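1. Got a sequence here, can you model it:
(one chain, ligands or ions: 1)
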Amino acid sequence: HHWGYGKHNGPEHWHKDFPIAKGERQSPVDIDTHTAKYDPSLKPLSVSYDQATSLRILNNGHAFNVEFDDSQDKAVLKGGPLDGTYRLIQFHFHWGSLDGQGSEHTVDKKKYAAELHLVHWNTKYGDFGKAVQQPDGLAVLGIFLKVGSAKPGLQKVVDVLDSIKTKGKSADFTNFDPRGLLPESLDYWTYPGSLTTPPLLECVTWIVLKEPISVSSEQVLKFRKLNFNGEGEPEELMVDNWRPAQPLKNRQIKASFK
Ligand SMILES: [Co+2]
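-> Numbering: from 1, shown residues only. Take a look:
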């Protein structure tokens with residue numbers, strides 16, 4: 001029926017409706033650190049989020065997205081392995097039912113408690129919908145979350161979750177600064193891949209940061225209180241909304257550091 005993360009509609013079934021699921025450039029992948037090639041030609045990333053405008057937070061039934069105004073070059077990513085400017089459109093997380101799982105990408109097979117995705121689209125394509133049809137249409141910054149100390153900058157997000165508990169609910173979410181979610185270091189790995197939920201389009205240049213951010217147990221606990229279902233439907237907690245690692249196939253992971 002429609003896709004999700006359960007036993008009957010989970011990632012192992014997606015290929016029946018989205019054949020690209022068994023494509024040549026699917027994500028996520030395991031990052032083997034000893035096989036990643038340091039590339040001295042990669043430039044440092046340039047994150048300009050000082051003019052970011054958040055607008056709303058929404059429970060879409062598979063995660064929660066914070067959306068931004070992308071009508072102008074307000075929050076952009078450039079540099080790194082990218083050509084051109086990429087505008088931030090939304091961020092969302094993937095998390096687990098337990099602290100030892102939740103991330104999509106793994107490092108030397110290590111799974112983190114969660115993974116944040118900042119989604120950006122290539123301005124040369126004019127709109128998001130046109131960007132997904134192109135091999136270099138999106139750039140996703142992935143950041144791992146480990147449980148330890150609370151992350152002050154994530155608290156405003158944690159606190160509004162009660163108001164978007166079920167699928168289809170949304171809340172005004174203005175003035176949130178995504179700079180409070182970045183690690184100290186911008187060292188990263190990069191590879192060509194795809195979106196990790198249907199339609200699984202292979203239009204993404206992934207930028208995965210080496211340094212995780214810490215969140216407290218209580219913060220991640222609130223994520224696990226969300227629901228997959230809509231209001232008045234039987235309760236199914238929103239947990240484990242992560243796709244397992246896919247075959248690397250003909251791809252090289254490059255490192256911006258040694
Ligand atoms: Co994602």
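
2. element containing residue 129, please.
-> helix 128-131 (DSSP states H and E).

3. Show me what that helix is packed against.
-> Under the contact definition 3 or more Cβ pairs under 8 Å, 6 or more residues apart in numbering; DSSP states H and E, helix 128-131 sits against strand 114-122. (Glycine included, C-beta is placed from N, CA and C.)

4. Grab the CA positions of the strand it packs on and hand them over as PDB.
-> Provided in PDB are the C-alpha atoms of strand 114-122 (Å, rounded to 0.1, in the frame of the first residue of the first chain):
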ATOM      1  CA  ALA A 114      20.300  10.000  14.400                       C
ATOM      2  CA  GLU A 115      21.200  11.800  11.300                       C
ATOM      3  CA  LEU A 116      20.300  15.400  10.300                       C
ATOM      4  CA  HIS A 117      19.800  16.200   6.600                       C
ATOM      5  CA  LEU A 118      19.900  19.800   5.300                       C
ATOM      6  CA  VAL A 119      18.500  19.700   1.800                       C
ATOM      7  CA  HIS A 120      19.600  22.300  -0.800                       C
ATOM      8  CA  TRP A 121      18.700  22.700  -4.500                       C
ATOM      9  CA  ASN A 122      20.800  24.000  -7.400                       C
END
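
5. Give me the distance from that strand to the chain's centre.
-> Distance of strand 114-122 from its chain centroid, counting by Cα atoms, centre = their mean, to the nearest Å, is 4 Å.

6. Show me what it pairs with in its sheet, parallel or antiparallel.
-> With DSSP bridges as the test, strand 114-122 is paired with strand 86-95 (antiparallel), strand 138-147 (antiparallel).

7. Contacts for the next helix or strand after the first one, please.
-> Reading on from strand 86-95 to the C-terminus, the next helix or strand found by DSSP H and E is strand 106-107. Contacts of strand 106-107 from elsewhere in the structure, counted by Cβ atoms under 8 Å, 6 or more residues apart in numbering, are 28, 30-31, 33, 144, 245.

8. Just the buried ones from these?
-> By the neighbour-count criterion of 16 or more other Cβ atoms under 10 Å, the contacts of strand 106-107 include these buried positions: 28, 30-31, 144, 245.

9. In strands only, show me the residues you listed.
-> Among the buried ones among the contacts of strand 106-107, the ones falling in strands (DSSP state E) are 30-31, 144.

10. mind listing the helices in the chain by residue range?
-> Applying DSSP state H to the chain gives helices spanning 128-131, 155-160, 217-223.

11. helices or strands next to the longest one in the packing?
-> What it means is helix 217-223. Helix 217-223 packs on strand 86-95, strand 138-147, helix 155-160, going by 3+ Cβ pairs under 8 Å, 6+ apart.

12. which outside residues touch that helix?
-> Contacts for helix 217-223 (Cβ under 8 Å, 6+ apart): 93, 95, 99, 102, 113-114, 145, 147, 150-151, 154-155, 158, 161, 238.

13. Redo the ones in strands among the buried ones among the contacts of strand 106-107 as CSV? Include distance to residue 252.
-> Converted to CSV, those look like this (distance: Cβ to Cβ, whole Å):
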residue, distance to residue 252
30, 14
31, 12
144, 21
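
14. how close does residue 55 get to residue 74?
-> 11 Å (Cβ to Cβ, to the nearest Å).

15. can you list residues touching both of these two?
-> Any residue near both residue 55 and residue 74 by Cβ under 8 Å, 6+ apart counts here, and that gives residue 68.

16. picking up where we left off before, the buried ones among the contacts of strand 106-107 into JSON lines, with extra columns for distance to residue 175?
-> Output for the buried ones among the contacts of strand 106-107, formatted as JSON lines (distance: Cβ to Cβ, whole Å):
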{"residue": "28", "distance to residue 175": "31"}
{"residue": "30", "distance to residue 175": "38"}
{"residue": "31", "distance to residue 175": "34"}
{"residue": "144", "distance to residue 175": "26"}
{"residue": "245", "distance to residue 175": "36"}
